[PDB]
$ cat model_34.pdb   # PDB, C-alpha atoms
ATOM      1  CA  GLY A   1      37.838 -58.442  20.183
ATOM      2  CA  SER A   2      41.144 -56.632  19.826
ATOM      3  CA  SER A   3      44.705 -57.854  20.207
ATOM      4  CA  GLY A   4      48.001 -58.260  18.390
ATOM      5  CA  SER A   5      50.734 -60.812  18.973
ATOM      6  CA  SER A   6      53.823 -59.243  20.497
ATOM      7  CA  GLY A   7      56.989 -61.289  20.152
ATOM      8  CA  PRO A   8      58.672 -63.135  17.276
ATOM      9  CA  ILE A   9      56.225 -62.214  14.539
ATOM     10  CA  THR A  10      56.812 -63.679  11.098
ATOM     11  CA  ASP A  11      60.375 -64.220   9.942
ATOM     12  CA  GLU A  12      62.182 -60.920  10.356
ATOM     13  CA  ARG A  13      65.187 -62.151   8.412
ATOM     14  CA  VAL A  14      64.991 -61.247   4.742
ATOM     15  CA  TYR A  15      66.688 -57.865   4.686
ATOM     16  CA  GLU A  16      69.600 -59.055   2.583
ATOM     17  CA  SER A  17      72.289 -61.400   3.850
ATOM     18  CA  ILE A  18      74.145 -59.953   6.815
ATOM     19  CA  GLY A  19      77.901 -60.134   7.249
ATOM     20  CA  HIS A  20      77.719 -61.156  10.888
ATOM     21  CA  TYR A  21      76.738 -64.796  10.551
ATOM     22  CA  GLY A  22      75.847 -66.546  13.787
ATOM     23  CA  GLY A  23      79.200 -67.105  15.451
ATOM     24  CA  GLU A  24      81.461 -66.947  12.421
ATOM     25  CA  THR A  25      82.731 -64.658   9.687
ATOM     26  CA  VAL A  26      81.560 -64.625   6.089
ATOM     27  CA  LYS A  27      83.276 -62.917   3.179
ATOM     28  CA  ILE A  28      81.148 -60.873   0.807
ATOM     29  CA  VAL A  29      82.268 -60.469  -2.785
ATOM     30  CA  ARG A  30      80.281 -58.686  -5.469
ATOM     31  CA  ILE A  31      80.901 -60.237  -8.867
ATOM     32  CA  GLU A  32      79.572 -58.721 -12.070
ATOM     33  CA  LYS A  33      78.094 -61.252 -14.464
ATOM     34  CA  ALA A  34      76.666 -60.135 -17.787
ATOM     35  CA  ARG A  35      73.303 -61.417 -18.958
ATOM     36  CA  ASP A  36      75.301 -63.743 -21.177
ATOM     37  CA  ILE A  37      78.456 -64.277 -19.154
ATOM     38  CA  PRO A  38      79.306 -67.665 -17.633
ATOM     39  CA  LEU A  39      80.607 -68.099 -14.105
ATOM     40  CA  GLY A  40      83.685 -70.047 -15.135
ATOM     41  CA  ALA A  41      84.091 -71.525 -11.674
ATOM     42  CA  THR A  42      83.696 -75.171 -10.739
ATOM     43  CA  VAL A  43      82.323 -76.277  -7.390
ATOM     44  CA  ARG A  44      82.135 -79.622  -5.628
ATOM     45  CA  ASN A  45      79.400 -81.091  -3.464
ATOM     46  CA  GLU A  46      80.656 -81.006   0.105
ATOM     47  CA  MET A  47      79.079 -82.872   2.995
ATOM     48  CA  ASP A  48      76.264 -80.342   2.898
ATOM     49  CA  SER A  49      78.004 -77.264   1.549
ATOM     50  CA  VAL A  50      78.877 -75.996  -1.909
ATOM     51  CA  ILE A  51      82.611 -75.374  -1.952
ATOM     52  CA  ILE A  52      84.701 -74.308  -4.921
ATOM     53  CA  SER A  53      86.382 -77.064  -6.898
ATOM     54  CA  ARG A  54      88.142 -75.241  -9.710
ATOM     55  CA  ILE A  55      88.356 -71.851 -11.380
ATOM     56  CA  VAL A  56      87.994 -71.436 -15.124
ATOM     57  CA  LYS A  57      89.910 -68.758 -16.991
ATOM     58  CA  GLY A  58      88.038 -65.895 -18.611
ATOM     59  CA  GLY A  59      85.286 -66.629 -16.117
ATOM     60  CA  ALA A  60      83.444 -63.955 -14.174
ATOM     61  CA  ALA A  61      84.801 -65.677 -11.088
ATOM     62  CA  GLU A  62      88.429 -65.554 -12.158
ATOM     63  CA  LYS A  63      88.095 -62.190 -13.861
ATOM     64  CA  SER A  64      86.808 -60.523 -10.715
ATOM     65  CA  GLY A  65      89.067 -62.834  -8.744
ATOM     66  CA  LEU A  66      86.690 -63.003  -5.803
ATOM     67  CA  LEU A  67      86.293 -66.764  -5.942
ATOM     68  CA  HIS A  68      89.023 -69.243  -5.089
ATOM     69  CA  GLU A  69      89.197 -72.996  -4.627
ATOM     70  CA  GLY A  70      88.135 -73.864  -1.100
ATOM     71  CA  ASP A  71      85.569 -71.096  -0.808
ATOM     72  CA  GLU A  72      82.288 -72.187   0.729
ATOM     73  CA  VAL A  73      79.081 -70.799  -0.729
ATOM     74  CA  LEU A  74      76.308 -70.013   1.725
ATOM     75  CA  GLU A  75      74.155 -67.282   0.231
ATOM     76  CA  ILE A  76      74.112 -65.607  -3.162
ATOM     77  CA  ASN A  77      72.045 -62.457  -3.525
ATOM     78  CA  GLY A  78      70.141 -63.740  -0.515
ATOM     79  CA  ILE A  79      69.345 -67.187  -1.861
ATOM     80  CA  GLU A  80      70.656 -70.054   0.233
ATOM     81  CA  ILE A  81      73.290 -72.386  -1.164
ATOM     82  CA  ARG A  82      74.319 -74.593   1.733
ATOM     83  CA  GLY A  83      72.701 -77.925   0.955
ATOM     84  CA  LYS A  84      71.867 -76.990  -2.617
ATOM     85  CA  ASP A  85      73.347 -78.902  -5.529
ATOM     86  CA  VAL A  86      76.091 -77.875  -7.925
ATOM     87  CA  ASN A  87      73.551 -77.907 -10.731
ATOM     88  CA  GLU A  88      71.171 -75.865  -8.610
ATOM     89  CA  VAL A  89      73.865 -73.349  -7.752
ATOM     90  CA  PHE A  90      74.865 -73.230 -11.401
ATOM     91  CA  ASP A  91      71.279 -73.030 -12.598
ATOM     92  CA  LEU A  92      70.890 -70.226 -10.086
ATOM     93  CA  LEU A  93      73.730 -67.954 -11.135
ATOM     94  CA  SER A  94      73.196 -68.858 -14.771
ATOM     95  CA  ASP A  95      69.681 -67.552 -14.248
ATOM     96  CA  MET A  96      70.919 -64.531 -12.332
ATOM     97  CA  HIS A  97      72.967 -61.736 -13.854
ATOM     98  CA  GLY A  98      74.725 -58.575 -12.740
ATOM     99  CA  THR A  99      76.549 -57.679  -9.547
ATOM    100  CA  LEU A 100      75.749 -60.618  -7.300
ATOM    101  CA  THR A 101      76.659 -60.550  -3.628
ATOM    102  CA  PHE A 102      78.520 -63.779  -2.965
ATOM    103  CA  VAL A 103      78.648 -64.621   0.722
ATOM    104  CA  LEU A 104      81.325 -67.261   1.163
ATOM    105  CA  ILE A 105      84.106 -67.964   3.631
ATOM    106  CA  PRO A 106      87.722 -67.921   2.428
ATOM    107  CA  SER A 107      89.398 -71.201   3.298
ATOM    108  CA  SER A 108      92.617 -69.581   4.454
ATOM    109  CA  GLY A 109      93.935 -72.972   5.498
ATOM    110  CA  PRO A 110      97.409 -72.503   6.991
ATOM    111  CA  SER A 111      99.861 -74.854   5.321
ATOM    112  CA  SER A 112     103.113 -73.950   3.609
ATOM    113  CA  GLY A 113     103.707 -75.878   0.407
TER     114      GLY A 113
END

$ encode --input "model_34.pdb" --output "structure tokens"
Amino acid sequence: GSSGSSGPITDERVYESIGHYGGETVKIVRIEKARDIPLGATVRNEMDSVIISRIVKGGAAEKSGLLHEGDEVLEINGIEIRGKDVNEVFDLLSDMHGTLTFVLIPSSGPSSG
């Protein structure tokens, strides 16, 4: 015999997170975290998303200033976050080190206060 497949072969979606997400807009922010540098950014467990809860001072998050309260984490370095757990997310970064590509959406909620 002799034949291929032709069509949607395997999962051709692992070439690094892409900016253009479905029908929305994600914000990419590269944060540098030493091999012994904490994140210093708290996050809450949203319905099914990992949003920021608080920002710690002296943290890689604050330092770089690419993470703010209300930011929703989706992918980090390619790894999914949406659905994950705070601990998981933390255990992830904590495990990871260096310039990580954080793909989150800035909650630019309009409201003067």

$ resolve_selection --input "model_34.pdb" --expression "the PyMOL selection byres ((chain A and resi 77) around 7)" --output "ChimeraX atom specification"
/A:75-76,78-79,100-102

$ residues_around --input "model_34.pdb" --residues "residue 94 (chain A)" --least-positions-apart "2" --cutoff "12 Å" --atoms "only C-alpha atoms" --output "count of residues only"
21

$ closest_residue --input "model_34.pdb" --among "A:55, A:9, A:26, A:103" --to "residue 80 (chain A)" --atoms "all atoms listed in the file"
A:103

$ atom_distance --input "model_34.pdb" --atom1 "CA of residue 109 (chain A)" --atom2 "CA of residue 71 (chain A)"
10.6 Å

$ atom_distance --input "model_34.pdb" --atom1 "CA of residue 99 (chain A)" --atom2 "CA of residue 28 (chain A)"
11.8 Å

$ atom_distance --input "model_34.pdb" --atom1 "CA of residue 63 (chain A)" --atom2 "CA of residue 29 (chain A)"
12.6 Å

$ closest_residue --input "model_34.pdb" --among "A:104, A:46, A:112, A:5" --to "residue 85 (chain A)" --atoms "all atoms listed in the file"
A:46

$ closest_residue --input "model_34.pdb" --among "A:31, A:51, A:105, A:18" --to "residue 65 (chain A)" --atoms "all atoms listed in the file"
A:31

$ axis_aligned_box --input "model_34.pdb" --around "region 18-33 of chain A" --padding-each-side "6 Å" --output "lines of an AutoDock Vina configuration file"
center_x = 78.7
center_y = -62.9
center_z = 0.5
size_x = 21.1
size_y = 20.4
size_z = 41.9

$ resolve_selection --input "model_34.pdb" --expression "the PyMOL selection byres ((chain A and resi 107) around 9)" --output "PyMOL selection string"
chain A and resi 68-72+105-106+108-110

$ resolve_selection --input "model_34.pdb" --expression "the PyMOL selection byres ((chain A and resi 83) around 9)" --output "list in words"
residues 45, 46, 47, 48, 49, 50, 74, 80, 81, 82, 84 and 85 of chain A

$ closest_residue --input "model_34.pdb" --among "A:11, A:73, A:22, A:95" --to "residue 42 (chain A)" --atoms "all atoms listed in the file"
A:73

$ closest_residue --input "model_34.pdb" --among "A:44, A:32, A:93, A:14" --to "residue 64 (chain A)" --atoms "all atoms listed in the file"
A:32
